[PDB]
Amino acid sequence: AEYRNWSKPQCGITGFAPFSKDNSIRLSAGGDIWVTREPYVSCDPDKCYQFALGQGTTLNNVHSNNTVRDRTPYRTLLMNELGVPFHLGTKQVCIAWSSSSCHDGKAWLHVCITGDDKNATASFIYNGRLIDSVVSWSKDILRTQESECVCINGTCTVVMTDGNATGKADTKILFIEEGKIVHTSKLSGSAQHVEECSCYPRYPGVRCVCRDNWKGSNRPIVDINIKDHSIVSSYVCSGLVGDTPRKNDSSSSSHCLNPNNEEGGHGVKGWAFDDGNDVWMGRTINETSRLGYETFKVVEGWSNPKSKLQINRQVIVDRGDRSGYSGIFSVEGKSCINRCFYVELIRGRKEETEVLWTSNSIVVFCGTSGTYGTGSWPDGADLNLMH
């Protein structure tokens, strides 16, 4: 077995085709299913896997009460093959209320953060063995991507943040080899606040589209040179911005090198990627809450901050149904690298009070060069009947 290099061109993409759906919440009304949140997908050279942060409990279970909370000692990283719902046979690969995983061609790396908010620990687990660990450096919720990291040759990059979420924080890029931290780079550039990055290989390096909880609804970009460990950062230029909350499509604006100072203070994990000067992106349909999910291409949106020209829109989750985090993963093919994405479908507290729990299911789409129709693939659970 060989290290991955991702040294192939991105595949031609006219849009996205359905790929997987787990129906986790619907099953949990008649079965023993983990309570989860912050899920993601990542693939080794053979199969794809779905991950999520468990809440140390099943859904039909007294311990699912108050699982809206984000950090407990009971949260672990769950790992299953894509399409296998999180049942009692699921392997808990580490302790974590924030995590990232990736496969370098030979083995899995998991970055797992747990412990106290003001003094958390990141554990680096490679090939099933703990290789390294680092303590929180700003003493304020050390946290990482909640989606897959990227390994090129033998070196994996992962973006971690520590500090005030709605303000100035310390973001670092770690370079990890067989689980060992071999270098640490500070975030550099014009992206001020960066969190929950959705990274993807863009040979010779790594590109990430992130979440800005501070001063903007246009997403930060972080480019990682995996050889000299240099970092450049900016924002997705597209005048159609990708975060939530945001202004409506008439009033919204963006900049290539600065936050847009529109609907700052909040945000959501999301993704985008470049196709020449165009950008492919997803986002919630509703501008203020996490309802619906839509995907489209913005013509010149990767370079033109005034471009509002979208095309190839697809509705993934219709506007009336709940969405959540979303993120990108990459799949190596015969001759090109495809881009896929997952959407977290959050149900429960606080927005829905019929139940006491908070959990999610997922839906997964993959890039295609063929043709496709329309549809909507929501969570589909009836919370009024789950009593």
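Counting begins at 1, following the sequence as shown.
When the mean C-alpha temperature factors of 187 to 195 and 233 to 241 are read from the deposited coordinates, 187 to 195 comes out higher. Relative to its counterpart among 251 to 259 and 77 to 85, 251 to 259 has the higher mean temperature factor, C-alpha atoms as listed in the PDB entry. The residue among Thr288, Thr144, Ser123, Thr72 whose C-alpha atom has the highest B-factor in the PDB entry is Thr288.
The entry lists C-alpha B-factors for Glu148, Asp162, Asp104, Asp116, and the highest of these is at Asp162. When all modelled residues of the chain are sorted by CA temperature factor, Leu356 is found within the middle third. Among the modelled residues of its chain, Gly367 has a C-alpha B-factor that falls in the lowest third according to the deposited record.
When all modelled residues of the chain are sorted by CA temperature factor, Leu309 is found within the highest third. Residue-level temperature factors show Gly154 in the highest third of its chain, judged at the C-alpha atom.
Ranked by C-alpha B-factor against the other modelled residues of its chain, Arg129 falls in the middle third.
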